[PDB]
Amino acid sequence: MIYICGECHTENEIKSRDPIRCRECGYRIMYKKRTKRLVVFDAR
Amino acid sequence: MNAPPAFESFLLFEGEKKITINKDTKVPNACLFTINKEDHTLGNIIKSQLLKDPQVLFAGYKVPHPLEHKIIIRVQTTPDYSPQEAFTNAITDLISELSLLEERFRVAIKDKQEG
Amino acid sequence: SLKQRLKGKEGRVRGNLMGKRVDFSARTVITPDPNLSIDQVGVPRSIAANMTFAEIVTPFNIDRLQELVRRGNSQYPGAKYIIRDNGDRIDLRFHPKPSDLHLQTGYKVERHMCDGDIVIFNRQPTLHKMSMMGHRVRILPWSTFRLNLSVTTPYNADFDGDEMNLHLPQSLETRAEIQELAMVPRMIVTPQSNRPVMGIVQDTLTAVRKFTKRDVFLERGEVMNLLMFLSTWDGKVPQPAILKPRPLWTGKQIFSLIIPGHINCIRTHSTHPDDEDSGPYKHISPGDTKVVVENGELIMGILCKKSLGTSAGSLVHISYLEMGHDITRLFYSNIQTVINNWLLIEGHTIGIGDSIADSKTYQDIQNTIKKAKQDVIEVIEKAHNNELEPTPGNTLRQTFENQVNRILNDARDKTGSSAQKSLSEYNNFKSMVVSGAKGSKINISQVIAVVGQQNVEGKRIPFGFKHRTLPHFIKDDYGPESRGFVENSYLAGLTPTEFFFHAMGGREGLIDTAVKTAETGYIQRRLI
Amino acid sequence: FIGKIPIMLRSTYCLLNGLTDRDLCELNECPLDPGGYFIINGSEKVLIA
Amino acid sequence: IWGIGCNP
Amino acid sequence: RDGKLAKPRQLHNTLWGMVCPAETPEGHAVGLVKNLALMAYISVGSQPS
Amino acid sequence: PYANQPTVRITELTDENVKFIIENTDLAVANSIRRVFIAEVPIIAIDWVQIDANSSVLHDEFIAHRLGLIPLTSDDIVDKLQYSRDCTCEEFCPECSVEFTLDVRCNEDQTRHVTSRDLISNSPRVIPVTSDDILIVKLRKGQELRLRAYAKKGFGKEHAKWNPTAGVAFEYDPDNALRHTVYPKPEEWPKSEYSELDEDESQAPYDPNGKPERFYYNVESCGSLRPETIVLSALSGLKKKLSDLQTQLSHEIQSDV
Amino acid sequence: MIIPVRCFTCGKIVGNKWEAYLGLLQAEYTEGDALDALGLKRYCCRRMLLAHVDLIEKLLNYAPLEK
Amino acid sequence: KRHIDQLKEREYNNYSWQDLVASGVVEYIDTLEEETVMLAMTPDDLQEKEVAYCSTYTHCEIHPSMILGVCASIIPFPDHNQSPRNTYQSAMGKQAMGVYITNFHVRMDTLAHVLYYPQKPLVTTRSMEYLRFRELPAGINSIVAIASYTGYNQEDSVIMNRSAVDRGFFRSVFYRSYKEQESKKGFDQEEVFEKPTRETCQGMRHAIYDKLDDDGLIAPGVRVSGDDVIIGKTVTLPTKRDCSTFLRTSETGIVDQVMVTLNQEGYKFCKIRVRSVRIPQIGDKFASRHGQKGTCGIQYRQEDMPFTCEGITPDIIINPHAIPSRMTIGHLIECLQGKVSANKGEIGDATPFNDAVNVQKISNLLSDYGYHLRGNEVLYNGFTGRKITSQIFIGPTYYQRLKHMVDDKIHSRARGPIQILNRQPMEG
Amino acid sequence: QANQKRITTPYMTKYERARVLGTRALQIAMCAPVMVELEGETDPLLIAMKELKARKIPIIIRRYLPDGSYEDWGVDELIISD
RNA sequence: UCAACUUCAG
Ligand SMILES: CO[C@@H]1[C@H](O)[C@H](n2cnc3c(=O)nc(N)[nH]c32)O[C@H]1COP(=O)(O)OP(=O)(O)OP(=O)(O)O
Ligand SMILES: [Mg+2]
Ligand SMILES: [Zn+2]
Ligand SMILES: [Zn+2]
Ligand SMILES: [Zn+2]
């Protein structure tokens, strides 16, 4: 998938079985990024 | 997780009667009207209007349980009068009173404005 | 080791055999429900959907059970399982199983728990047998067990985060045994003290005291509204006590319709003058005290914890002993319902105005405290000049402490009596104390007049620092303020040293409770 | 090198020491956080006196 | 918290 | 906590100003776990030389 | 044996408030009219939210809650709009709902206050009572909120978001003459604004034959419906509830016969 | 965290009044006078603005996850 | 006055507490020295010449209220409550829901509760300023009536206004974080995050695995109902075994944040945080700042709650029977002071030993704003509209939402899982 | 024992009533013939209660004396506690 | 998975 970097906030695409290191910053904490499918919230 | 949906308060589920009439055997000329999906708003109005009637010996309403949504109105009338007729007359009188209130409130609005 | 596996609590003998974790049990928080009967309990839909009762398919219930099976586990009034004669459990949760939906006599449908099911209700610790009682299920929205407030006292339960266990009998035989041996109406009177375990409590008790005063007069509409909530009503409106100028019923006249059958009882209200019985107006009782129920009609009196509470000879106890347990259940429920609606009319509250007393009352309290402090000073001077002489069986230190304690307690009592004289009829602290619903005259006095002496280990606040109680006091001060006496009321506010001493007293009480639990539990286990 | 000593947060040897609230926000730390605890295996542990 | 004869 | 003696748990007079009188856990630890007062400080230690 | 003829006198009429007096009416009728003001006057409010992108500090359902609480002009079309349950079309359509859109990004350095003004409606009659503004969220630079919302007709019994009124002040017997409230010390109690008593007299003399009449109302609008039309719609809705009740009652009486 | 839309007790919109309240406080107005100027009359509504703690400003200091 | 004036200009005057200590104005005294020191609680009351109790005071308390700790310092008017009630309030204030930290978004902590709209108390102690209670408050001010309304506040329960709850009153967010680490123990046996396949992976469940993304981790913003598969982890079997993590039963949340990192070992490590928005129900536990708590007995809408002449309906109704036995008069004084503060626009001062704030002064202040001295108000019955005969004590009191909620406690068992050794139903 | 020399109480105890009602209920739920004419009662426990009132439950209680002897008391012979 | 620990609830 595409993981947003923790520090430099640049999306990087990491394949499965690949070390979690952002290109150009090297931070080791990535975030999965919001899903394309949309969820309905009742305003209640 | 066990929270009832909000629409349960006033929406009848399929196969539910708004009014069910059961006579009261303990006393002659008495009836018990069970209104579903109604609250004190209608119950107190109807009970007051029934009390205004001179041929209604007894008129009362109760919510059997606050969490559930139901109203029970006991009406007992004199002989030569029917509790169902008393209920219908109460409803018609309240409708007429509310329509008169509407007309006079509209007139009062139009007079408060434009002068 | 093998011994450790079998030895103590959590071992096989006690932790797995004498007691064990069981199926068909549900725990959740409890909240009040005045509208439920004594035996009724309120069960959330989720708890009722998980727990099941196996019902044998018979020719007379095959249609209903087949409908329940058709609904399945998803729709709430449905069945989780179908047990065949062979013992094979068809699962209704997992996949339609259209061929296996058929029912024949001898099959067991594990239906969901429904209204009217008998369940055991439990609170820990089960100190007495009223702590486990049989309740009839009623399914209500939201996620808490809902129980009648008269049933709180046997369980020792308050709705401040308490939880209750629920056990569902799984056989008709054990269901009948529970229903007859343990149903809540059958548990009203305890064999421990031959008194009712349950009585009118909290709002209903205060509102009953207010309702049964002579002053209470109810108009036609209020009477009809209250009669609406009386289940045992015959449908006949009593002739009002005052026919003219306007038809007005009385609170006693309507409460007489609650009292079942023909019950005869004579009690006395808490504020009954001792002089009245000896002197004239024995049967007139100017204060409307005393309580006389003849032919099931409340002829005269104001009801309180002495009449409608858990005590021997109460109206509740006499109703159980005379009319039976079912009619007594109806009695409790009707009292609660109609008196709670009248309380909706009259209302009840507590405010700051209840804590406030007259200016003269405050002045008298201050004068009493001044005189007491002066007398303690005089006693201390007598001891210092060696005039004091030891009381037999006591040292000079002990006799001095006893004299000072007597002076301080007498002043505290006098200030409390002045505060209680100040109380009006409208005062709500007094209303709750008189009804017996909550509080005591001690609490009223501490609120209004004087918190009183703070004592630790049965003595005044000890000389924790070197020969003094706090660093603020001079060494060798045995006066009231130094050793713990709190002259300010809670409403007035404790001064800092009084605050610390009060904290010491409260800490001692808390420690006593916490230490008590374990020793009493061990004793109870040994006895059983 | 003989070992590693856990560092109490916002102590003199913590990296957060002597940092203004803006700098603490840049590091995703709360300005209002008291410190006084150790992060061991990712969990905050407080030595109780 | 009341007195010596009462409660703490 | 197992000890049922009501001596070690009681609020001592010397706790004034240095341990909160109100704040204590309730249960097996009444009066055994305490909390510093607001202005209380605890000595860090010094050389007596 | 018949209903009394009530009378109305409007003392104050402002865009936010209606102060009126209803005379020769029962307490039950008056209280139920107030109750209908609060709970049974239809209004338009957001009840469907779909958040395409929410990088704000507030989570999605927080934003949805705040959006639902935002009042929406429902003066005329709330009577025309149908309930979603009544509408034949699946989900929502122009007849059963109104569509709002929010597309805000804080490109600038300064904090962007997302307001109700940023909500854009597909139909001009419903607007978020903008004609300051209700603040939905504050966006730091690089934070974006995008969402689509659907506003449906409903009344306050469902949810407080559909309350058309802020505070309904209802008072009867301004000077205690029916003794419906018994003061322990009458003098300590402040006089009502509608009180006609002299300053010396704390309470009016007890009227034994009196009945509660001459009810005083102050209805404050939330801005969605004009305060006059709140009262008119409440009266009409209560009358419609009574008429539906009468229809069902007549049907069941015929069935029993 | 952010000023609630609608006072809890009655439902009058208080969400539009926070920035005006802060501005009036900056002007010179006392808290009570600012609350009166904004039109808040019942103490239920005045509690909403008077007791409000605006944490959204502190949370906006942290940098966004995606820029 | 010189020291106080310099400290008042503290910043840009470079005068601090250490300068006050160096001047010899203040001194640190321990318990042993407290045994040998004559103290005065207050300078004016005690040092000044009167009937001479002591004329050898060697020290003076800075302020008596400092004898309390952090949790007891939030209690307003603690000197007017019974002592065990202040202990109860300390314990319960450790359990109130609020914004625990400002960096809560960054932190992935299991079991985090954060309140929607925290408010600072209208009646506040001065020492709260040093506890940062204004900065990160926990609880909301609420119009509270001390009344017996419908019997659902009896014992210790509390009636609540459903309309207020619907407007955001005491709404909270519960974040639950799940951690899973893929690891290799055997040389041929490894754990991989992947979407489990029905055929390829021997172990499976009825639970939906569709929500799992390609990596085996649910993306943020996906609703996850109880027992759905948050993380998909499969172990090679020397075909595959399913070690996928599932939601805790009845969690029913939405994924907030999914972070994928490498732990110290270098193995892949995943943390997934789930939001559940919890609205107050009729089992949830709310407590005041005075040591008296209670579950929500029932929720009535604004039409049903009793209303004043002004149209105000209490957010919370508490039973009057709580007050007398517990003697928490600080609750009543706080309601009165909160009414005064809300009408005045100030923030009330409830420092323990002020001696300048009597109840009579608060009553006289409340009288000026058009209310009854003692805070009572004529309430009209919501259901019938008739005036309630007994005037009812109403005021703004600060209430806290404790972490104990009914949804977390409700449980039921029917022929579920069973232990291996005892073959008896499991625990928990 | 015999009809003579029956020393146990003639009244049926609460425990005997509970177990008799439950046993009869279970039998009725197991398609056992019902002695009384049920008046539209489809609940086995209610039918068992109805039979107990009519004294038509076909069960005899064997009460074991502490010395080891037993006495056979018919349900009809016993006086119903309620 | 199981043992241990601590923290809470009443
Ligand atoms: C009233 O008695 C109950 C029961 O005895 C049961 N219980 C509670 N803790 C324990 C325990 O540790 N061990 C055992 N065996 N039983 C225990 O709890 C007791 C009271 O405790 P409390 O005094 O705190 O009740 P508040 O007076 O405080 O009630 P508020 O106003 O908060 O609702
Ligand atoms: Mg409790
Ligand atoms: Zn990066
Ligand atoms: Zn449509
Ligand atoms: Zn408001």
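Just the heavy atoms: all of them, side chains too, but no hydrogens, waters or symmetry mates, feed the values below. Sequence lines set the chain letters: A, B, ... in the order given, protein chains first and strands last, and positions in each chain run from 1.
Between I/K233 and I/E191 there is a salt bridge, since a side-chain N of the basic residue sits under 4.0 Å from a carboxylate O of the acidic one.
Nucleotide K/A9 holds its P atom 14 Å from the NE2 atom of F/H28, rounded to whole Å. Note: CD (C/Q124) to P (K/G10) measures 15 Å, nearest angstrom. What separates CZ of I/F286 from P of K/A9 is a distance of 17 Å, to the nearest Å. Nucleotide K/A4 holds its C1' atom 14 Å from the CD atom of I/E427, rounded to whole Å. Atom CD of I/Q95 is separated from atom P of K/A9 by 5 Å (rounded to the nearest Å). One can place CG of F/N35 at 12 Å from P of K/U7, the figure rounded to the nearest angstrom. Residue I/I420 contributes atom CD1, which lies 6 Å from atom P of K/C2 at whole-angstrom precision. Computed from coordinates, the I/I418 CD1 to K/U1 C1' distance equals 17 Å when rounded to whole Å.
When heavy atoms are screened at a 4.0 angstrom cut-off, I/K285 is found touching the sugar-phosphate backbone but no base atom. Using a 4.0 Å heavy-atom distance criterion, I/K409 is classed as making no nucleic acid contact.
The aromatic rings of C/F121 and C/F145 stand perpendicular to each other, their planes meeting at an angle above 60°, with 30° marking the opposite boundary.
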Output side-chain donor-acceptor pairs under 3.5 Å for residues 26-34 of chain F, partner residues at least two apart or in another chain, one line each.
| unit_1 | atom_1 | unit_2 | atom_2 | d |
| --- | --- | --- | --- | --- |
| F/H28 | ND1 | F/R1 | O | 3.1 |
| F/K34 | NZ | F/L32 | O | 3.1 |

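At least one side-chain nitrogen or oxygen of I/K293 sits closer than 4.0 Å to the OP1 or OP2 atom of K/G10.
For C/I523, the side-chain contact (heavy atoms from CB on, under 4.5 Å) test picks out C/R526, C/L527, with sequence neighbours left out.
Closest contact between the side chain of I/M426 and the listed nucleotides K/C2, K/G10, K/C8 involves K/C2.
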